[PDB]
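This document opens with one chain alone, in structure tokens, the form deposited in one PDB entry.
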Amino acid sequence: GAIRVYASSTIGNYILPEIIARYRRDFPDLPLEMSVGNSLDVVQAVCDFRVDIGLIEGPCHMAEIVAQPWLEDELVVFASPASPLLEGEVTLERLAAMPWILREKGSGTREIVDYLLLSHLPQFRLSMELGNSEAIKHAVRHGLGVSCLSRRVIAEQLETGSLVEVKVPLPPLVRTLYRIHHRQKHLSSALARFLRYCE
């Protein structure tokens, strides 16, 4: 059972590592390969049969590619504890006045935040875009601005207090993570075993 997985950045780096550690405790000798990228990377790899399953953090439809809900996930606005955002009332207008550090388009996490969060921030200040969420976390920590990422990405820093979650006058920015596979490819027993660990 040489399983090949392709996951988007939030899934690959901040969810799957724990899942993989457990899977390898009970199965240290079974080959496991995981690539991490963005949505189009994942879907194209499934479409090309170069991987067995894909895991994406935003819907990305492709004909002949089946997608099934897998996990809910909540995106969270966060800041340095010394941020000027926390010096006053967290209003929508003061939110848009802060410099925003966002992921690039095609990351999934960028698409959902556009929909649930930044669409309600008129003329919001875009400071920079960064290609990975780790650089974003540390840029916010050093005061370059604020951002919006899955809670699972920043939980470590929320617990230490190097980053702080912001209360936003909006409904929770909840999304769904999807599992995808080609319509033709058949689920292997080893593959179905690995997926149970992901639940």
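Numbers for residues come from their place in the sequence shown, where the first is 1. Rigid core here is just the name for the largest C-alpha set that superposes within 1.5 Å across the two forms.
When the two stretches 167-175 and 62-70 are set side by side, the higher mean Cα temperature factor goes to 167-175. Stretches 71-79 and 89-97 differ in mean CA B factor, with 89-97 having the higher one. When the C-alpha B-factors of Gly145, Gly131, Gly37, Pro28 are read from the PDB record, the largest value belongs to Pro28.
For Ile180, the recorded CA B-factor ranks within the lowest third of the chain. Only modelled residues enter the ranking. In this PDB entry, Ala7 carries a Cα temperature factor that places it within the lowest third of its chain's modelled residues. Among the modelled residues of its chain, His120 has a C-alpha B-factor that falls in the highest third according to the deposited record. For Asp48, the recorded CA temperature factor ranks within the middle third of the chain's modelled residues. In the deposited entry, the Cα temperature factor of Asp41 places it in the lowest third of its chain's modelled residues.
Note that the form deposited in another entry isn't included here; everything after this is about it.
Annotation: the position in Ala155, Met62, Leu144, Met34 displaced by at least 2 Å at CA between the shown form and the other one, with the core superposed, corresponds to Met62.
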